[PDB]
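Engineer: Starting off with a structure, shown below.
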Amino acid sequence: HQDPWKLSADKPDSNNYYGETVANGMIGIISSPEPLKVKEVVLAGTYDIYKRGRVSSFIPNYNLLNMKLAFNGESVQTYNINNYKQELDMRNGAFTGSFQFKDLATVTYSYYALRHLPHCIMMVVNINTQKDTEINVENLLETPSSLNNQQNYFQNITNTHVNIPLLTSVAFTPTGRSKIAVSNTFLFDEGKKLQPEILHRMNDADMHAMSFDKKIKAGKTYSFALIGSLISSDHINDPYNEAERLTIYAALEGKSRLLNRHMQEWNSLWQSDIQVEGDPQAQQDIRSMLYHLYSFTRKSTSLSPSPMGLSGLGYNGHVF
Amino acid sequence: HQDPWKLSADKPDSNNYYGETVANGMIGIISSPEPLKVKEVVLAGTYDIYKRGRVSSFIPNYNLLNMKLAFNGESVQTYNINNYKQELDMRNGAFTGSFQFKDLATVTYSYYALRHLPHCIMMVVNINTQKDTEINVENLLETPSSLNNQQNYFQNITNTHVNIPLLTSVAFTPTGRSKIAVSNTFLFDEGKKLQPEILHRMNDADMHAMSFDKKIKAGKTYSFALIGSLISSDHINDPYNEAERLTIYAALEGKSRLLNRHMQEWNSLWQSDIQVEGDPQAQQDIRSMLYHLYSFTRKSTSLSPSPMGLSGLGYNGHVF
Amino acid sequence: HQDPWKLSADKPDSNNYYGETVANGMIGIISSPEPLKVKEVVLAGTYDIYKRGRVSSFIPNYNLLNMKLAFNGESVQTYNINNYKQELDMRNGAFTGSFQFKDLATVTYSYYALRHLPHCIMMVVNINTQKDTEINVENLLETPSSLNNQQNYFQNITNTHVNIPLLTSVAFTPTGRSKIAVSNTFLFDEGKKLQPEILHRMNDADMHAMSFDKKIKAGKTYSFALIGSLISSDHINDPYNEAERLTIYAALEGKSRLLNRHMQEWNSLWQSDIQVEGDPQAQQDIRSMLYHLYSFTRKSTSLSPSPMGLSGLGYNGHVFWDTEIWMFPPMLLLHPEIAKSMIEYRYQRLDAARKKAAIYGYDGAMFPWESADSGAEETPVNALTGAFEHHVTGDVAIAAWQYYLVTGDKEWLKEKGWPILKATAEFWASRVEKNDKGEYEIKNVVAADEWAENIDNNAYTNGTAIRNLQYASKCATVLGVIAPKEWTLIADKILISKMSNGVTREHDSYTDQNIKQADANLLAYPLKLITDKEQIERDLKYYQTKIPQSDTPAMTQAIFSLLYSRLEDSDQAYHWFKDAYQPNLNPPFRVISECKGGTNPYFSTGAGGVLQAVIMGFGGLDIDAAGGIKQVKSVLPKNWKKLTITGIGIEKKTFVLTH
Ligand SMILES: OC[C@H]1O[C@@H](O)[C@H](O)[C@@H](O)[C@@H]1O
Ligand SMILES: OC[C@H]1O[C@@H](O)[C@H](O)[C@@H](O)[C@@H]1O
Ligand SMILES: OC[C@H]1O[C@@H](O)[C@H](O)[C@@H](O)[C@@H]1O
Ligand SMILES: OC[C@H]1O[C@@H](O)[C@H](O)[C@@H](O)[C@@H]1O
Ligand SMILES: OC[C@H]1O[C@@H](O)[C@H](O)[C@@H](O)[C@@H]1O
Ligand SMILES: OC[C@H]1O[C@@H](O)[C@H](O)[C@@H](O)[C@@H]1O
């Protein structure tokens with residue numbers, strides 16, 4: 001556990017677990033011990049009256065990466081997976097989970113607060129089968145209790161080459177001060193004709209979801225990505241249309257171009273570094289300190305970090 | 001044009017055309033000279049301050065049956081059809097349009113204000129192709145300028161046997177007095193596995209649509225139905241959920257069971273009739289008078305007709 | 001842990017803890033493993049759009065009893081107390097916590113949903129010192145995330161005799177549908193001049209608090225009470241002023257008068273009781289079932305319980321046939337005034353049932369699958385039960401007629417029973433379809449076995465239609481009215497079909513599918529359409545193995561138990577009695593979950609079915625078709641030496657059964 005670039009957790013213990021953050025200075029995503037979920041999402045620059053202090057605060061935002069995975073109708077849970085590991089790669093702010101599901105498949109998921117696109121997130125899911133299986137994949141947009149007056153939308157953006165299914169929610173901070181928009185899509189390798197049909201369900205007041213099925217023969221790899229954009233009226237006058245525009249943009253840029261730009265910006269940040277010989281633990285600890293300051297700041301802005309950066313609502317996100 | 005049960009119009013002339021009404025005492029649908037469109041929809045019992053008189057009024061409602069039909073990408077236009085005819089069957093309040101698209105196909109469409117289900121409408125579309133063709137079908141829910149604060153939703157209701165795609169809008173009358181909900185679905189003969197994929201577009205502030213493509217082979221008929229439910233807070237405390245529930249109910253009753261109940265109730269109405277020998281024009285005219293009174297009233301209710309029944313906004317829908 | 005009146009937990013374990021409820025049929029308070037806190041508070045009759053189902057729901061409310069206690073500036077926590085115990089006294093619905101704080105003091109706290117004051121709660125705190133100490137006491141009013149646009153107030157109500165400090169919050173349900181008000185006060189023994197000064201803090205957007213300090217010398221007892229009132233615009237047009245008025249009222253009534261009235265009403269409820277000799281665990285379990293039904297209902301109202309009562313947001317607080325068929329019958333026998341409130345709920349909502357019938361193309365009254373404030377359909381639209389599970393209309397009719405059979409109240413039958421029975425019969429007469437053979441069908445329903453969707457001639461559904469039409473016809477006769485002759489013609493020809501083995505067929509597409517719950521067996525009990533003991537047994541034999549172990553609710557095995565008791569098969573009756581609820585229990589208070597191994601207590605529906613297995617099965621008690629309560633042949637479990645059931649019927653009869 002003294003990798004100078006990576007922080008690893010074997011079998012996350014939900015009774016004694018403090019999540020790690022990936023961030024780009026605009027969005028922070030804090031990890032959950034649960035597979036394919038995130039605990040908390042924080043957007044910089046969005047403040048309203050909420051809980052502590054009776055003053056402005058950061059607001060818990062859409063846990064926009066939350067996914068449910070089922071194998072032949074069986075729901076993936078902490079309790080029915082094995083060899084479950086989480087890892088933060090401090091070189092590129094990738095948070096990765098990996099596990100085995102019974103005798104069927106190995107799953108890996110990596111998510112990113114894209115370093116070059118302040119309002120865009122991506123998760124890449126890889127499924128490597130040991131037997132024939134059918135996966136059901138659901139992405140959930142649950143409006144957190146911090147927001148109100150939500151609307152849950154779904155539509156297909158199409159042309160001769162693409163069908164971009166957009167799962168969108170718009171909601172308000174407690175006093176109505178800020179309108180938040182989130183828009184997610186699935187990105188498939190196989191192209192418009194062969195990609196899975198996407199269903200939309202609106203079964204709850206505070207949650208809608210998009211889902212698909214996919215048959216995977218034994219000994220195959222199936223990969224897909226979830227891209228989300230998250231933005232508010234503190235950042236843009238029309239967050240609803242800007243969130244959909246951004247997700248369409250990111251979908252047509254594609255995973256490779258997005259990850260390449262992400263990697264280039266993280267490589268540039270790490271051109272300033274601290275190397276310690278003779279103390280592997282100190283080397284990892286100091287890398288974690290640099291990683292968090294780099295994740296919680298952004299060149300070419302007027303952003304300033306709170307005492308807790310984008311790791312949560314510490315000190316209401318205020319600057320001191 | 002002296003059929004004692006049917007009113008027919010050859011080649012409707014939009015420069016001199018007064019549409020006919022189908023109604024069940026709750027919803028009136030007034031015909032358009034344009035194929036696969038309706039001019040106006042009126043819901044009984046729903047009043048708000050609007051235009052004439054500075055007093056309560058009926059409100060123009062969602063033109064919920066509006067459909068666009070295309071053959072290999074070419075939209076049906078009054079300029080590219082021939083043998084265009086419209087017919088009102090006064091025996092069952094069926095309004096039918098029929099035309100030939102170029103040399104390719106014959107189209108018939110019949111719609112109904114379902115006599116037994118006050119808040120439910122159905123249109124059945126039949127396409128007979130003389131050559132192999134692909135149809136694109138779009139159902140549009142345009143929020144009329146009479147309504148405000150609309151929301152445009154779409155979802156799939158599923159079980160192992162069905163996928164019911166719901167196109168839903170919710171909006172308000174001018175002062176906010178009444179919440180209106182409309183929910184539409186396509187009903188297919190061929191079953192869940194074989195039915196066309198339904199896409200959803202939300203491109204305008206006041207319009208969203210659901211659509212599909214279907215390949216039809218030379219010498220074959222393809223038939224599908226559009227079912228819609230239209231209800232307000234004047235009729236039910238939760239019109240949004242009741243509209244979706246009604247359309248799901250109607251979809252799982254199916255076209256045959258809905259039309260049989262409709263026909264039974266119309267047959268019962270025509271057990272009281274007036275027959276004139278020696279004057280076919282008087283026979284037809286008197287049948288039209290009975291047809292309109294039967295369409296604009298409803299047994300076992302507390303409804304009373306306006307001077308214009310459900311044919312439009314005449315005298316604001318008031319009872320005199 | 002086999003006290004017949006008390007459920008106890010030593011050292012509550014927050015990693016494996018399902019709280020118990022105290023309730024008065026209006027407010028439910030669900031316990032926390034944490035000292036001097038409550039997990040959830042639910043107010044009956046308050047519904048808004050919230051989370052599950054996109055339909056009306058109960059709303060988590062103010063945790064109005066939450067208190068922080070500090071000893072010489074040191075905060076009381078789970079981690080720094082010892083000998084921590086919780087206890088529910090089922091005799092008076094008191095939830096009590098007790099613990100030792102280091103070398104300083106013993107603390108006891110008891111809270112109550114006051115039985116006589118629907119909107120009032122009280123907690124009494126006792127501190128017994130082993131050394132000199134100073135306590136800091138804080139009561140917190142945290143607006144839950146379910147509510148919005150809160151306002152946090154504090155004021156002193158004074159006269160020459162009192163200073164009543166009121167901590168008040170007002171807030172709104174998610175869509176603004178309902179305004180909620182809560183108002184709390186501290187009540188002191190020592191009087192105005194000597195009582196502690198109360199401070200008010202407003203440090204957060206969603207929380208304010210009132211607090212005081214008190215010095216207590218070693219070897220002294222210091223007691224005080226927290227009184228709260230919780231009420232909404234669903235209950236009163238001006239909840240803000242009514243909540244403060246109620247708390248002032250309760251403060252000037254005082255703790256003794258409040259607890260005395262509380263005790264008197266609980267004593268009256270327990271005049272109807274079930275006593276088992278030879279099985280202390282069964283005695284405690286059956287007392288818990290009675291306690292929950294008593295806590296989740298209220299005489300002299302139009303309230304009806306959800307499947308989870310006031311134990312939480314289970315099934316969004318909606319009312320289902322869970323009342324009419326599951327919780328209603330045991331209450332009708334023990335406390336007809338509780339059953340009266342349950343059917344009053346439906347009577348009040350008859351116009352909404354008429355509106356549903358008209359919207360869905362039928363006559364009469366079509367009760368909704370799920371009901372809440374208005375009586376309109378509240379079922380989530382993705383559940384086909386809302387559109388197609390029609391037997392609920394017949395279930396309401398059966399409960400209405402049973403209310404008349406047990407009470408003989410002909411005035412009630414004329415004013416309320418007949419309106420229900422006539423309108424629901426008109427619904428069924430419009431719902432059936434006559435076939436070519438002159439039989440009547442009920443096509444395209446969801447069965448009581450809800451896994452059978454959009455099928456024809458469901459056994460239970462068709463049976464409820466038969467009973468509804470028969471009972472409506474009998475009701476007309478009591479009132480000197482000629483029922484439409486069509487009701488009897490239809491009732492006599494509604495299809496109930498058998499398979500080749502002579503077993504009642506669940507529906508027209510049924511062969512040997514697994515089923516979710518009792519359906520064809522309900523024709524034997526409760527409908528009693530099947531009386532032939534060989535037919536009852538053939539149906540039990542075929543269907544009893546059709547209910548899987550997983551994801552099947554507690555709406556089956558209690559019926560099996562009752563039917564085997566009626567067949568005088570003690571071993572099978574007792575097998576199914578235990579299976580009905582023991583695999584569904586959650587620690588540490590043996591609360592009941594919906595399904596085997598479930599974690600969603602408290603499933604009041606399940607308790608209702610089991611209480612029928614005990615009263616109508618082991619006790620042999622039966623609603624006589626001619627009127628009143630009769631006793632049929634029954635058996636006891638081998639290990640039960642005596643079963644005593646008290647307060648039965650309008651004559652309040654005691655029944656004793658032995659081997
Ligand atoms: O969609 C993004 C891609 O667009 C193409 O037009 C370019 O050639 C690629 O370099 C680029 O990655
Ligand atoms: O969906 C409606 C259909 O349901 C079936 O179960 C019935 O047999 C049919 O007669 C009915 O038309
Ligand atoms: O405040 C309530 C008290 O009021 C007094 O006037 C009565 O004498 C007591 O019986 C009662 O308990
Ligand atoms: O308890 C509420 C509902 O739960 C469902 O599991 C059962 O199938 C229904 O019979 C019941 O009314
Ligand atoms: O609340 C929606 C539905 O939930 C299902 O779990 C129950 O089985 C139905 O009885 C209920 O109508
Ligand atoms: O067995 C449990 C299942 O029963 C079905 O009838 C309900 O519709 C589901 O909501 C439920 O999860």
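Letters for chains follow the order of the structure tokens (A, B, ...), residue numbers begin at 1 for each chain, and ligand numbers begin at 1 in the order shown.
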Can you pull out every residue within 6 Å of residue 96 in chain A, counting only C-alpha atoms, but drop anything in the same chain fewer than 6 positions away, and send it as a PyMOL selection string?
Structural biologist: chain A and resi 86-87+109-110
Engineer: Keeping only C-alpha atoms, take the residues you just selected and write them out as a short mmCIF file (atom, residue, chain, number, x, y, z; two decimals), in the first residue's frame.
Structural biologist:
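The new file again_33.cif reads:
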```cif
data_model
loop_
_atom_site.label_atom_id
_atom_site.label_comp_id
_atom_site.auth_asym_id
_atom_site.auth_seq_id
_atom_site.Cartn_x
_atom_site.Cartn_y
_atom_site.Cartn_z
CA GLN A 86 -10.89 0.51 -5.17
CA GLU A 87 -7.89 2.57 -6.36
CA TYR A 109 -15.13 1.03 -13.70
CA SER A 110 -12.98 4.22 -13.82
#
```
Engineer: Can you tell me which residues sit at most 12 Å away from ligand 3, counting only C-alpha atoms and all ligand atoms, written as an MDAnalysis selection string?
Structural biologist: chainID C and resid 161:162 248:261
Engineer: How many Å separate CA of residue 172 in chain B from CA of residue 237 in chain A?
Structural biologist: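 Pair CA of residue 172 in chain B / CA of residue 237 in chain A returns 25.3 Å.
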Engineer: Near range 646-656 of chain C, within 8 Å and counting only C-alpha atoms, which residues show up once chain neighbours fewer than 4 positions away are dropped, as a list in words?
Structural biologist: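 The neighbour list is residues 271, 272, 273, 274, 332, 333, 334, 335, 336, 406, 407, 619, 628, 629 and 642 of chain C.
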Engineer: Taking N, CA and C atoms for each residue, export the selection above as an mmCIF file, in the first residue's frame.
Structural biologist:
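Below is the file part-v5.cif, written as the result:
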```
data_model
loop_
_atom_site.group_PDB
_atom_site.id
_atom_site.type_symbol
_atom_site.label_atom_id
_atom_site.label_comp_id
_atom_site.auth_asym_id
_atom_site.auth_seq_id
_atom_site.Cartn_x
_atom_site.Cartn_y
_atom_site.Cartn_z
ATOM 1 N N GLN C 271 -59.028 -4.109 27.579
ATOM 2 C CA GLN C 271 -60.198 -4.904 28.049
ATOM 3 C C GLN C 271 -60.525 -5.976 26.995
ATOM 4 N N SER C 272 -60.095 -5.804 25.746
ATOM 5 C CA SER C 272 -60.115 -6.856 24.699
ATOM 6 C C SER C 272 -58.693 -7.374 24.509
ATOM 7 N N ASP C 273 -58.473 -8.651 24.814
ATOM 8 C CA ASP C 273 -57.115 -9.206 24.985
ATOM 9 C C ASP C 273 -57.129 -10.692 24.614
ATOM 10 N N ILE C 274 -55.946 -11.238 24.353
ATOM 11 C CA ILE C 274 -55.728 -12.681 24.059
ATOM 12 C C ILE C 274 -54.664 -13.161 25.040
ATOM 13 N N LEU C 332 -62.916 -5.710 14.375
ATOM 14 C CA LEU C 332 -64.400 -5.777 14.446
ATOM 15 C C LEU C 332 -64.835 -6.646 15.633
ATOM 16 N N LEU C 333 -64.146 -7.753 15.848
ATOM 17 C CA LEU C 333 -64.523 -8.684 16.934
ATOM 18 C C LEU C 333 -64.130 -8.122 18.306
ATOM 19 N N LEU C 334 -62.986 -7.447 18.411
ATOM 20 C CA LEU C 334 -62.425 -7.018 19.721
ATOM 21 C C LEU C 334 -62.936 -5.616 20.076
ATOM 22 N N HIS C 335 -63.079 -4.758 19.071
ATOM 23 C CA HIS C 335 -63.360 -3.315 19.269
ATOM 24 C C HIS C 335 -64.128 -2.809 18.064
ATOM 25 N N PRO C 336 -65.444 -3.079 18.003
ATOM 26 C CA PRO C 336 -66.217 -2.692 16.831
ATOM 27 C C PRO C 336 -66.080 -1.193 16.505
ATOM 28 N N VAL C 406 -72.037 -7.897 12.781
ATOM 29 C CA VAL C 406 -71.497 -7.980 14.163
ATOM 30 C C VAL C 406 -72.251 -7.028 15.099
ATOM 31 N N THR C 407 -72.571 -5.811 14.648
ATOM 32 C CA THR C 407 -73.152 -4.762 15.519
ATOM 33 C C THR C 407 -74.683 -4.818 15.525
ATOM 34 N N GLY C 619 -59.377 -19.976 18.124
ATOM 35 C CA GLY C 619 -60.530 -19.635 18.979
ATOM 36 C C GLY C 619 -61.847 -20.058 18.364
ATOM 37 N N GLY C 628 -74.150 -11.651 14.333
ATOM 38 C CA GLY C 628 -73.465 -11.916 15.609
ATOM 39 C C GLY C 628 -72.248 -12.786 15.417
ATOM 40 N N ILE C 629 -71.595 -13.112 16.529
ATOM 41 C CA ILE C 629 -70.373 -13.952 16.576
ATOM 42 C C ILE C 629 -70.798 -15.341 17.037
ATOM 43 N N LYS C 642 -54.098 -23.241 27.376
ATOM 44 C CA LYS C 642 -55.365 -22.477 27.433
ATOM 45 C C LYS C 642 -55.252 -21.255 26.531
#
```
Engineer: Using only C-alpha atoms, find the residues of chain A whose closest atom to chain B is at most 8 Å away, then write them as number ranges by chain.
Structural biologist: A: 152-157, 197, 199-202
Engineer: Based on the selection just made, write N, CA, C and O atoms of those residues as an mmCIF file, in the first residue's frame.
Structural biologist:
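Saved as selection02.cif:
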```cif
data_model
loop_
_atom_site.group_PDB
_atom_site.id
_atom_site.type_symbol
_atom_site.label_atom_id
_atom_site.label_comp_id
_atom_site.auth_asym_id
_atom_site.auth_seq_id
_atom_site.Cartn_x
_atom_site.Cartn_y
_atom_site.Cartn_z
ATOM 1 N N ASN A 152 -37.724 15.982 -14.677
ATOM 2 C CA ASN A 152 -36.991 14.794 -15.167
ATOM 3 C C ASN A 152 -37.343 14.595 -16.642
ATOM 4 O O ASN A 152 -38.514 14.283 -16.921
ATOM 5 N N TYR A 153 -36.354 14.767 -17.528
ATOM 6 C CA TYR A 153 -36.539 14.718 -18.992
ATOM 7 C C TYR A 153 -35.710 13.604 -19.608
ATOM 8 O O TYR A 153 -34.694 13.173 -19.053
ATOM 9 N N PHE A 154 -36.119 13.206 -20.795
ATOM 10 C CA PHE A 154 -35.361 12.222 -21.591
ATOM 11 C C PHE A 154 -35.648 12.463 -23.060
ATOM 12 O O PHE A 154 -36.818 12.646 -23.422
ATOM 13 N N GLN A 155 -34.617 12.462 -23.905
ATOM 14 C CA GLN A 155 -34.886 12.585 -25.353
ATOM 15 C C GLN A 155 -33.749 11.957 -26.149
ATOM 16 O O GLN A 155 -32.680 11.691 -25.579
ATOM 17 N N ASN A 156 -34.023 11.728 -27.415
ATOM 18 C CA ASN A 156 -33.018 11.218 -28.371
ATOM 19 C C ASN A 156 -32.580 12.360 -29.265
ATOM 20 O O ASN A 156 -33.442 13.001 -29.893
ATOM 21 N N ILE A 157 -31.281 12.644 -29.256
ATOM 22 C CA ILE A 157 -30.628 13.540 -30.248
ATOM 23 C C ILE A 157 -30.111 12.654 -31.384
ATOM 24 O O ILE A 157 -29.243 11.811 -31.123
ATOM 25 N N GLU A 197 -30.962 -0.502 -27.307
ATOM 26 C CA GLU A 197 -32.117 0.408 -27.104
ATOM 27 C C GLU A 197 -32.097 0.923 -25.658
ATOM 28 O O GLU A 197 -31.924 0.138 -24.712
ATOM 29 N N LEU A 199 -34.173 2.524 -22.621
ATOM 30 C CA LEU A 199 -35.491 2.773 -21.986
ATOM 31 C C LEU A 199 -35.353 3.878 -20.955
ATOM 32 O O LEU A 199 -34.288 4.045 -20.360
ATOM 33 N N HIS A 200 -36.470 4.565 -20.732
ATOM 34 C CA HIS A 200 -36.538 5.639 -19.716
ATOM 35 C C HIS A 200 -37.672 5.316 -18.756
ATOM 36 O O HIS A 200 -38.783 5.077 -19.235
ATOM 37 N N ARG A 201 -37.400 5.375 -17.461
ATOM 38 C CA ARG A 201 -38.435 5.156 -16.422
ATOM 39 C C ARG A 201 -38.486 6.397 -15.530
ATOM 40 O O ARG A 201 -37.434 6.965 -15.221
ATOM 41 N N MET A 202 -39.693 6.799 -15.151
ATOM 42 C CA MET A 202 -39.967 7.964 -14.273
ATOM 43 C C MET A 202 -40.842 7.503 -13.116
ATOM 44 O O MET A 202 -41.988 7.928 -13.005
#
```
